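Computed from the coordinates by the stated procedures, all read-outs in this text should not be read as laboratory data. Because the Cβ atoms are built from the backbone with ideal geometry, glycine has one as well, and the counts that use them run over all protein chains shown.
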Amino acid sequence: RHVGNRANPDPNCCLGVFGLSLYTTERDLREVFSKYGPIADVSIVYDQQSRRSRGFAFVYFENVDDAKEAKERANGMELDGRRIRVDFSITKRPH
RNA sequence: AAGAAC
């Protein structure tokens, strides 16, 4: 057997900023994404105990009829020279 | 190097 996920493979509105360079936060990411459309919510997650931060984020929009472009434009954008990840995440919403 | 929640 084999696998390729860790949670419910049913995304639909969970955009995000995976590997957000670990030098940026949701108060900065909410502004640059607000340029492409309205924003419903934003999140950045870490670990519960140790092994340092998981260092990544999720983003949500009130309409996907326009958030679809926020995904295609902001993907691989420059933020720390890392060409960050921006698109659907998986598992829709928090735990 | 990307990654898992609350």
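From the Cα trace of chain A, what convex hull volume per residue do you get, rounded to a whole Å³? Could you put the intermediate results ahead of the total?
Details: hull volume 11.9 nm³, N = 95.
Measuring per residue, one finds 125 Å³ for the Cα hull of chain A.
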For A:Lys92, the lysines lying under 20 Å Cα to Cα, once residues fewer than eight places off in the same chain are dropped, come out as A:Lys68, A:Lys71
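For A:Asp87, what charge total do you get from the other residues with a beta carbon under 12 Å from its beta carbon, if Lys and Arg give +1 and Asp and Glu give -1?
Values: positive: A:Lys68, A:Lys71, A:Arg73, A:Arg85; negative: A:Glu69, A:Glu72.
Net of charged neighbours comes to +2.
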The Rg/Rh figure for segment A:55-95, Cα atoms and Kirkwood Rh, to two decimals is 0.98
To the nearest 20 debye, chain A has a Cα-centred charge dipole, built from +1 on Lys and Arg Cβ and -1 on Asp and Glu Cβ, of 540 debye
Within segment A:31-45, the residues whose backbone N lies under 19 Å from a label point placed 7 Å from the Cα of A:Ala7 along the Cα-to-Cβ direction are A:40-45
